[PDB]
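The next block holds one structure in the form of C-alpha cells; read it before the comments.
A quick note on method: Cβ atoms are made from the backbone with ideal geometry, for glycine too, and the neighbour counts reach across all protein chains shown. Read-outs throughout are calculated quantities, based only on the coordinates presented, and are distinct from any laboratory measurement.
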Amino acid sequence: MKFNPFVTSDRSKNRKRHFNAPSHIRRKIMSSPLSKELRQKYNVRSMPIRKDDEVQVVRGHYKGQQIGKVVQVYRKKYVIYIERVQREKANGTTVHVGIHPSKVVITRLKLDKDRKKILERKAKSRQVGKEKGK
Amino acid sequence: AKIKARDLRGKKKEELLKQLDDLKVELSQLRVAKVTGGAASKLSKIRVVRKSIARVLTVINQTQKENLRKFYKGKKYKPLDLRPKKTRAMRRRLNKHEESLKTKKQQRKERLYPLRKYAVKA
Amino acid sequence: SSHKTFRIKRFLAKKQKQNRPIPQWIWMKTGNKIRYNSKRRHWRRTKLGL
Amino acid sequence: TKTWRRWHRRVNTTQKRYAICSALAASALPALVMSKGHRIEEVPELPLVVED
Amino acid sequence: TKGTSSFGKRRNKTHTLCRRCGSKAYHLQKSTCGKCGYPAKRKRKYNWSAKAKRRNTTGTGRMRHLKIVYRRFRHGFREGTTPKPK
Amino acid sequence: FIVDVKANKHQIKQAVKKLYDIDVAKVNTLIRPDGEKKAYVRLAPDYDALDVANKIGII
Amino acid sequence: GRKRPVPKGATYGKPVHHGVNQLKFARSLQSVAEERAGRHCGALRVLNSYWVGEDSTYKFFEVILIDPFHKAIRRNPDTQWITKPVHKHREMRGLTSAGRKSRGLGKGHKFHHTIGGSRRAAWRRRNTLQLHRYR
RNA sequence: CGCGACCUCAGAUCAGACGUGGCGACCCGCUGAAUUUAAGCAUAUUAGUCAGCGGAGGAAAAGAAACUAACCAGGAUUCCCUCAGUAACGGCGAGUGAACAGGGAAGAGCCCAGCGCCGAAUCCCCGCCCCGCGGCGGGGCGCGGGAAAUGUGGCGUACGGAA
RNA sequence: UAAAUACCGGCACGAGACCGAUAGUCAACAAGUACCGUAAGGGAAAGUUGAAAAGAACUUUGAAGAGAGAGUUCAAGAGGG
RNA sequence: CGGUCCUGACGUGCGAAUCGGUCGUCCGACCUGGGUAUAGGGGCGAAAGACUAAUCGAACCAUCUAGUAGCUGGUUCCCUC
RNA sequence: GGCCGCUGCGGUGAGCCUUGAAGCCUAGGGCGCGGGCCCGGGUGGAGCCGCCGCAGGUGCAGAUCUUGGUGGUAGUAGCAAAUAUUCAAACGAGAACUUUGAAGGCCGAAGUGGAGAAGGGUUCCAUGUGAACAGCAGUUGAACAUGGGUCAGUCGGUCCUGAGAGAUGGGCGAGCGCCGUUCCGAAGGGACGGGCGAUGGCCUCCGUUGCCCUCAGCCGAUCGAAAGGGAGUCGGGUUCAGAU
RNA sequence: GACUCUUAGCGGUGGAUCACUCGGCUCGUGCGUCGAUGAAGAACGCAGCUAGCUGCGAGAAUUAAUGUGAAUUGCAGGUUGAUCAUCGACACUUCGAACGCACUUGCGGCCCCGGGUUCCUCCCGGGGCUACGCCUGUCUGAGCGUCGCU
Ligand SMILES: [Mg+2]
Ligand SMILES: [Mg+2]
Ligand SMILES: [Mg+2]
Ligand SMILES: [Mg+2]
Ligand SMILES: [Mg+2]
Ligand SMILES: [Mg+2]
Ligand SMILES: [Mg+2]
Ligand SMILES: [Mg+2]
Ligand SMILES: [Mg+2]
Ligand SMILES: [Mg+2]
Ligand SMILES: [Mg+2]
Ligand SMILES: [Mg+2]
Ligand SMILES: [Mg+2]
Ligand SMILES: [Mg+2]
Ligand SMILES: [Mg+2]
Ligand SMILES: [Mg+2]
Ligand SMILES: [Mg+2]
Ligand SMILES: [Mg+2]
Ligand SMILES: [Mg+2]
Ligand SMILES: [Mg+2]
Ligand SMILES: [Mg+2]
Ligand SMILES: [Mg+2]
Ligand SMILES: [Mg+2]
Ligand SMILES: [Mg+2]
Ligand SMILES: [Mg+2]
Ligand SMILES: [Mg+2]
Ligand SMILES: [Mg+2]
Ligand SMILES: [Mg+2]
Ligand SMILES: [Mg+2]
Ligand SMILES: [Mg+2]
Ligand SMILES: [Mg+2]
Ligand SMILES: [Mg+2]
Ligand SMILES: [Mg+2]
Ligand SMILES: [Mg+2]
Ligand SMILES: [Mg+2]
Ligand SMILES: [Mg+2]
Ligand SMILES: [Mg+2]
Ligand SMILES: [Mg+2]
Ligand SMILES: [Mg+2]
Ligand SMILES: [Mg+2]
Ligand SMILES: [Mg+2]
Ligand SMILES: [Mg+2]
Ligand SMILES: [Mg+2]
Ligand SMILES: [Mg+2]
Ligand SMILES: [Mg+2]
Ligand SMILES: [Mg+2]
Ligand SMILES: [Mg+2]
Ligand SMILES: [Mg+2]
Ligand SMILES: [Mg+2]
Ligand SMILES: [Mg+2]
Ligand SMILES: [Mg+2]
Ligand SMILES: [Mg+2]
Ligand SMILES: [Mg+2]
Ligand SMILES: [Mg+2]
Ligand SMILES: [Mg+2]
Ligand SMILES: [Mg+2]
Ligand SMILES: [Mg+2]
Ligand SMILES: [Mg+2]
Ligand SMILES: [Mg+2]
Ligand SMILES: [Mg+2]
Ligand SMILES: [Mg+2]
Ligand SMILES: [Mg+2]
Ligand SMILES: [Mg+2]
Ligand SMILES: [Mg+2]
Ligand SMILES: [Mg+2]
Ligand SMILES: [Zn+2]
C-alpha cells in the first residue's frame, strides 16, 4: 500500500505523466533487465537501454536465443530497434519492428565512464540497502 | 570549428566583433544560396550560423554588463538597469534597517521587563 | 480600394500569407490528426469583416 | 444536485455500543463465522487468543 | 425599398480597428471604442456580461511577464547569484 | 533586393555601398502585397550589374 | 444637500422612491473634502482634517497629508505605520475619523447593527444559513 | 530712489523620489432598483439585495469601553453553539427580527496632543575618508547647507503622572 | 496593533458511492475556435483501424474515379470519418 | 426624381416589396456624394404615430431571470385489494 | 406485493471469462397471468453477473417536446424577363457550349464601349489539373495547385481651415468623470539691435554662444476634406502582369 | 409475367448500443506573487522544407549557466557533451496607464558622435533626452503685502 500523501494512485494522472514524460524521463522508463551473468557480476538488476547494446528478445513473434545489437532507441514511440529483428514490406523493403525494452534482456553493455559511474552507484545503493536490511 | 562559449570569455571585444562580422557575412551568403536554390547542407548550416551569432552577441553583452556593474558597484546612484529588479511592492517596502529600528521608550521597556522563562509545578 | 493605409495593407498581407493549404509532410507525423486546413477563406464567400 | 444535501448521519452512542457488543458476541459462534464464510474448520478454538 | 433595395446603399463603414484591443469597434465620428473605450484611461468592463469578462482577461493572452513572475516566485525572487560553477 | 520595412532609400544606398563596394545612382522602393519591401537599386554607369551579380552569387 | 441625479425628476418606480429634492448624503462634507484632497494628491497619505470656515454656499477644511517616502518619515519608528501598504487611501475606504463617523460603529447597545467588522459584515453574518454536516 | 529681511505666490528638460493602469474568489466606502409576495394594490416584502462607482491586502475591516449590567457583578476586538424564530417591528396583514448573560477557538496590549521640565538637547541633504554593498547602511571629518521657537527630541497619558 | 475569521480569481497539489462524448465546463479534438452581426455581443459540430502500417508490391480492363486477381494480418467479416 | 391605374405579371417569385405598360414633376419649397450634429420615454418629424440598420403606439444587446400565471400541453414498469 | 427492470457502493458466490465478456441479430426450445427471464445458433473481441443490504440524475408513444437520421410526395414542380444562331477545322479519350476562320445578328456613343471614387483584397498574369464548385456539360473559370506582379521631388496623402470635435486654467461632481473653448490664468522661452563674459577658424572678421539693455496681442493646445484652398512633368518606347 | 404486402438470408444508408477516456464536475490542503526597472491585453514577425495550435522577439520553435548523460525524427544535413529538465546571467519588435506633439505612422526641438564639412552652414546615419500630477531641497523671480536702513 502507498502511504505518501504526495503521489497519486490516479490512473488518469499516471497515464498522462507516462505519455507526456520528457526525453530524459523516457530514458529512465526505457529500462531493460541485465542477463543473469551480468546481473551476478555487477549486482545491478536493470539499466536504461542504449543505442549499441547486444540484447535478446524474450516475448512475442520474434522471441528466440539470438544476440542482436540495438540500432536506434526511438524514444517518441517507446520502442527500440535491433539489427536483425525486421519484417518484409510489400514492395521488398525491410523495415524494423519496434519492441518494448521491458521485453528485452541486455547481454553486453556499452561501457564508458558515465555508464560505469551509474553501475557503481547502483551497486553501492544495493550494498547499503542489504547492510541495513540484515 | 564548432564555435562554443567557453573559449570566448577570455577573448577581447575587437576580435569578438570581427568574428561576429565574419559570421554575419557567412549567413548572408547562405541566405543568398537558399533563395537561389542550393544544397541541403548549406540550408542546414544556416541555423548553425544563426546560433553562433546569438552566442557571440550574448557573450559580448554579458561581458559589457558585468564590467559596468563593477564600475557602478561602489556608487550610491546607479542606472535602473543595474538596480535590483524585484517586484514593485518589494521595491517599495521598508528596508531591513529602518523596519527594525525602534523607539527609545519601548526599547527601554523591553530592557526593563524582558519576557522571562518559567515553569509551573503540576 | 486602391487607396490604403499602412496598417490595413499589413493586415491584408498577413491574412493572405495565412490563407494557404497544409504541407503534406506534416500528414506523416506520429501524433497527427490534421487532414486539411479547415480555416481556409475564399474571397467571394467569406468577407473577412473589416 | 447541490453540495448541501444531507450527506452524513447521526447515531446514538448507546446503540453504537450496542451494535459493537452484538458484533463481538456473534464473532464467537462457529455457525455464524462459517455462515459469513471464513474457513475456520481447522481453527482450534474460535475465540482465538495468542500470547503477547 | 425598406429591405433589399436599401441594403445596396451601404458602402462606408462606421467602425475601424482600435489601437488598444484590436477589435473593429473604434467609432470614427465618436472617436471612442465600443468594446474597451480606448481614449478612456480605464478598461471598459461590466458585471452583467460574464462571457465578455472571460473572453479577454488575464487568462486569455500570452502572460509574457506574469508567468516568469510565477516561476521566479517559486524560488523567492533570487538575483545576482549564479549556480555553483563546475 | 528585398529589405525590411523600416529601411529608407538613404540607408539602403549606404548599405549597398558598404556591403558590395559599388556606387549607387538611385533607388526605387515598394512594399509587396506579402509584406516584404522590394528595392530596385540602379548602379553608376561605370559598374556592370552582370559582374556584380556574378560576384554576389545570383545568376 | 444632495439631490437625486434623475432626468427631469422621473423616478420610474413605486411612490416610496419618488423623492429627489430633500435627500441627504450618507457621508459628511468633511469626509468628502478629505476624499477629493487625497484623490488629487495620489502619492500622499491623508491623516485627518479640521474646520476653518463656512459661508452660505461653501465650507472650508484643511486636510493633513503625509508624504510616505520622505526619509524623515520612514526612519521614525512611531510614524512609519503610515508607510505600510494597508493604509493606502484611508479616506477612500473610510478609515479617517470623518469616514468612521458615518459608519455607525462603536461599543454599546446603540450600535447593534454593526457588531462585527462593519454593517455589511453584520448583515452577512446574520443572513447566512449555517448548514452543519450533522445539522 | 536704491539695498536687505520676512510673508504669500510663480517658472524650470533644476537634484532626488513617488502616484497612475490590471485582476478582482474573499474585504472596505458610496449608490441603489424592479420583477416577486401580499391571491388586487399604493405602506410593507423582495432589499442596503442585483446593476453602477471608488479603494486595498494576503487576508481585509474591527479592536483595547463616553461598555454591559442592577448581580455575591463582569471587563478590547473577531469567530462557533445557544440565547431565538425570542424581546420588539409590521395596511399588527403578508411578513420581518436582534442583543445581554452562559460554554468555547484565540488571547497582547499600547502611543500622542494637551499641562510641565530639559542651553533644539531634534531631523533631512551634500563633499572627503574607511568598511559594508543587490533590501543604501555603519563610523570619522566639514568657520557645509537647510527644516524647526507659528515648537523637533527625551520623561510623560487617566491603570494616575511629575519633582 | 498579531491570533482565532473569509476565499467559485491565481500558482501547485490530493481525493470522490459524481458524468462517461445528445453526458460532464460552451470547449476530452488547431474552442471562446469556425461562423454571424455595423456594434454592444452571439457562438457551434467534431473521440476510437490495428498489437505493430505490416496502410495492399506486382498482373490486367478503363482517360479516370473505379474494379477483378495477388499479398499483410488471427481478422480487410478492421482498407485512412 | 417619384409611384396613379391596370386592383396586370409574380405571389414555396428574379426580388422578405421586384417586373411591364400607363402615369406625376422636371429652374426649383429641385436632385445628389462625402463630412458633421441630434440617442430611446430620447432624437427627429411640410404630422402618416411616420422614421430612428428587413425591428417602432417606445429600437437593439446583456443581466436581474429558471420573473409571476386561479390559465393551455405533457407527465415514463407489472399484478393484487 | 414484485425471485419485475436500470446505474453505483458495502459483504458474499475458492462465481463466470481469449477453449471467448459486454453488446447486437435470430422462421430455434421454453418458463411466468404479467412486468420479463433462461437456454440454442450467428456476429463480435475484454470484461460481466447471481444472492444479502445501501444509494439514486432509475423505466416514455404523445408535450405544434430537444437533437440526429430517414421516407411518401417524386425522377414530380421546375432549370420560360430583356429578338439568334449556323458551317468547317484544331486540340482532346470524349465537343451543342473551348479555340480559330467564315456567315447571320444584337448593344448603337444617356452603350452590352474606354477610364475612376466608395467597397472587395489577390479576384490581376502564366503554366498545370479536371477530385469538389460554376443548379446541363465543359478540353472552360473570378475553382483547385504551383509560381510571378503594384518602382514618383513635379499623381495623391502629408500641410490649412470649414460645419464640428477636444485638452490646460476654471467650475461642478460620492465617483468613474462632466460642463466649458476664451470664458474667474502671471497663457511670450521669440527677436532688429547694443553692451557684458567665455570659444574656434591664418582669434582679422565672422560664427556657435550664457547674462543684462531694448523691442513684441493672441483668439487661444490640438484634431477636422485622397470632391474645398494648396509652387513644381511632358513626349516617345517598353511587360505577360506596372507606368505623368 | 409485372406491381403491392408479410417474413427470413444477404447487401446498402445511418451512427444507436456496448466497451474504452492525456476531459470535466465537486470536495479538501499549502502557498497566497502584477505595473513608469513599463503590467494585463493587442498587433506584427521568427523553423531547411511550416498553414493552424504551441514556443519565442531582429540573439526570434530560442542564447548563457546548472543537472542529466547519447540522441531529434515526417524527410534531408553535418562523450573536450547531442537531447531534455531546471533556470539564478544576458536579451526582450510596434501599440497599450503609454510618456516630444498627433495617432496619417505624419511633424518637431535640445545635446553628442561618424559620413559632408574638413564647423561654414546645410544634408545623411546613430545614440541620449524632450508627458501629467505631486513631496523634499536648489536656482531664477514677482507683489501700492508687512517692514528696516538710507
Ligand atoms: Mg516514499
Ligand atoms: Mg514620547
Ligand atoms: Mg458579396
Ligand atoms: Mg455616421
Ligand atoms: Mg475599472
Ligand atoms: Mg428611498
Ligand atoms: Mg444609502
Ligand atoms: Mg485601524
Ligand atoms: Mg456626531
Ligand atoms: Mg530632474
Ligand atoms: Mg487602482
Ligand atoms: Mg401581487
Ligand atoms: Mg396572483
Ligand atoms: Mg397586478
Ligand atoms: Mg413599497
Ligand atoms: Mg430594506
Ligand atoms: Mg453589485
Ligand atoms: Mg497583491
Ligand atoms: Mg488591519
Ligand atoms: Mg483607554
Ligand atoms: Mg425554543
Ligand atoms: Mg430587512
Ligand atoms: Mg457573549
Ligand atoms: Mg484556548
Ligand atoms: Mg512636543
Ligand atoms: Mg483521502
Ligand atoms: Mg457525437
Ligand atoms: Mg458535449
Ligand atoms: Mg456514443
Ligand atoms: Mg450513451
Ligand atoms: Mg466511432
Ligand atoms: Mg483502443
Ligand atoms: Mg474479428
Ligand atoms: Mg472489426
Ligand atoms: Mg400606393
Ligand atoms: Mg396586383
Ligand atoms: Mg402561380
Ligand atoms: Mg435630452
Ligand atoms: Mg418631410
Ligand atoms: Mg390615427
Ligand atoms: Mg424605450
Ligand atoms: Mg420564463
Ligand atoms: Mg380562475
Ligand atoms: Mg482491444
Ligand atoms: Mg446517478
Ligand atoms: Mg420516443
Ligand atoms: Mg416535367
Ligand atoms: Mg430563368
Ligand atoms: Mg433595340
Ligand atoms: Mg474598362
Ligand atoms: Mg466600364
Ligand atoms: Mg483571369
Ligand atoms: Mg453542373
Ligand atoms: Mg524623372
Ligand atoms: Mg491637419
Ligand atoms: Mg469635454
Ligand atoms: Mg486635400
Ligand atoms: Mg483638392
Ligand atoms: Mg425481424
Ligand atoms: Mg459519429
Ligand atoms: Mg464509427
Ligand atoms: Mg511562417
Ligand atoms: Mg543551450
Ligand atoms: Mg550541458
Ligand atoms: Mg488626418
Ligand atoms: Zn478598443
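May I ask you to list the chymotrypsin sites (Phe, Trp or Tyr not before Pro) in region E:1-78 that are in a DSSP loop and have at most 11 other Cβ atoms within 10 Å of their Cβ?
Numbers: sites: E:7, E:26, E:46, E:48, E:70, E:73, E:77; in loops: E:46, E:48, E:77.
Taking region E:1-78 and a limit of 11 other Cβ atoms within 10 Å, the loop chymotrypsin sites (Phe, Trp or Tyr not before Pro) found are E:46, E:48.
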Nearest 10 degrees, 0 to 90: helix E:66-75 Cα axis against chain E principal axis:
20
Degrees, to the nearest 10: C:6-18 long Cα axis against longest axis of chain C:
20
Under 5 Å between amide hydrogens, which residues at least 5 positions from residue E:32 or on another chain qualify, with H placed 1.01 Å from N in the peptide plane?
E:27
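Only helical DSSP H runs with n ≥ 4 go in: add -39500 (n - 2.57) per run for the protein assembly as shown, normalise by residue count and round the 222 nm mean residue ellipticity to 500 deg cm²/dmol.
Details: 21 runs with 223 residues, N = 638.
After summing the helix terms and dividing by the residues of the protein assembly as shown, the value is -10500 deg cm²/dmol.
Would you mind finding the longest exposed-site-free stretch of chain G, with exposed chymotrypsin sites (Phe, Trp or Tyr not before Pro) meaning DSSP loop and at most 15 other Cβ atoms within 10 Å?
In short, G:70-110.
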Among G:23, G:95, G:105, whose mean-square fluctuation peaks in a Gaussian network model of chain G (Cα, cutoff 10 Å)?
G:23
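In percent, what relative contact order does region G:22-110 have, based on Cα pairs under 8 Å that are 6 or more apart in sequence? Let's see the in-between values first.
Working: 94 pairs, mean separation 27.3, N = 89.
31 percent.
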Sites matching trypsin sites (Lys or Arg not before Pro) across region G:51-85 that sit in DSSP coil, with at most 15 neighbouring C-beta atoms within 10 Å
G:75
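Of chain A, which part is the longest with no chymotrypsin sites (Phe, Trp or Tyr not before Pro) in a loop (DSSP not H, G, I, E, B) and with at most 10 other C-beta atoms within 10 angstrom? Can you show the working numbers first?
Numbers: sites that count: A:3, A:6.
Value returned for the longest uninterrupted segment is A:7-134.
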P(r) tail for the protein assembly as shown, what percent of Cα pairs lie past 49 Å?
56
Picking from G:16, G:86, G:32, which is most flexible by a Gaussian network model of chain G using Cα springs under 10 Å?
G:16
Answer rounded, prolate or oblate for region G:42-135, using the Cα gyration tensor with square roots of eigenvalues a ≥ b ≥ c: rounded when a/c is under 1.5, else prolate when a/b is larger than b/c, else oblate.
oblate
Per-residue HN-Hα couplings for region G:118-131, Karplus 6.51 cos²θ - 1.76 cosθ + 1.60 at θ = phi - 60°, whole Hz, x for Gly and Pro?
7, 5, 5, 5, 4, 4, 5, 5, 6, 9, 8, 8, 6, 10
Among E:30, E:45, E:67: highest mean-square fluctuation, GNM of chain E, C-alpha pairs under 10 Å
E:67
Run the numbers on chain E and let me know its relative contact order in percent, using alpha-carbon pairs under 8 Å that are six or more apart.
11
Calculate how steeply helix D:13-26 sits against the longest principal axis of the alpha-carbon atoms of chain D, using the helix alpha-carbon long axis, and give the answer as 0 to 90 degrees to the nearest 10.
30
Could you check the spin-label model distance between residue A:121 and residue B:109? Points 7 Å from the Cα along Cα→Cβ, value in nm.
5.7
Run the simple label-point estimate for residue E:72 and residue A:111 please: 7 Å along Cα→C-beta, distance reported in nm.
5.0
Cut-off under 5 Å, modelled amide H: who pairs with residue A:107 long-range
A:54, A:55, A:56
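Sort C:15-21, A:106-112 by packing, meaning the average of other beta carbons within 10 Å per residue, with the highest value first.
Listed from highest to lowest mean packing, they are A:106-112, C:15-21.
Could you grab the relative contact order for chain B? Cα pairs under 8 Å, six or more apart, rounded to a whole percent. Mind dumping the intermediate values first?
Values: 38 pairs, mean separation 29.1, N = 122.
Relative contact order, chain B: 24 percent.
Give, as a single signed number, the net charge of other residues whose beta carbon lies under 11 Å from the beta carbon of residue B:33, with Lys and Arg counted +1 and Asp and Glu -1. Please report the intermediate quantities before stating the final value.
Details: positive: B:31, B:34, B:42, B:45; negative: B:26.
Net local charge, residue B:33 excluded: +3.
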